[PDB]
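So this first bit is one chain, no partners, the form deposited without the ligand, shown in structure tokens.
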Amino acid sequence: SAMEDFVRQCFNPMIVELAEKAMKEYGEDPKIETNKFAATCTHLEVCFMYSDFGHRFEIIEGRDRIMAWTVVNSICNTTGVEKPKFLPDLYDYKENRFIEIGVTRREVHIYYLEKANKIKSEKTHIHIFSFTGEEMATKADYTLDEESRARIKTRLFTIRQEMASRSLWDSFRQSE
């Protein structure tokens, strides 16, 4: 498929392999669910980017469930922050809060409402990125400095334009 080929062209091997591991964790073939494959790669890369801005962040996303919950439990035991219902994506050691990262092909406010309604925790900070350079965060606290958020938004927009150059963006954006 063209979408699978794009995913292997634009993401680094480590990210692709982690994404395939996740797809198997919910029993999904990346050769069939190619838009989910690309979305999974994109979310992984954003989380790793977000974390590289420390030191400051602990990455939970990209780990197997056992190690992810091991990290979460160790953090909660050393900080007293309460355990989230659902696996978050990062832990911010400076603000001392868990962060759930969203990347959406829709309006940032719609996806923010969806994520907030799901997690149902006033403790887990939400930060939504779009492929159009838009962002929305809990209490409009964007956590990072503008340069770091700028590099995330540039990478996301670049992924979108590469898809578009291969006529893959319309499929990807209409998929959820």
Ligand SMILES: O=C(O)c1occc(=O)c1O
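Residue numbers here begin at 1 and follow the sequence given.
The next section is about a form of this same protein that is not shown, the form solved in complex with the ligand.
In the deposited complex, the ligand sits within 4.5 Å of a heavy atom belonging to residue 101. Residue contact with the ligand in the deposited complex: residue 149 places no heavy atom within 4.5 Å of it.
Using a 4.5 angstroms threshold between heavy atoms, residue 81 stays clear of the ligand in the deposited complex. In the deposited complex, the ligand lies within 4.5 Å of some heavy atom of residue 43. Residues are counted as partner-facing when one of their heavy atoms sits within 4.5 Å of the ligand in the deposited complex; in 49-77 only 61 qualifies.
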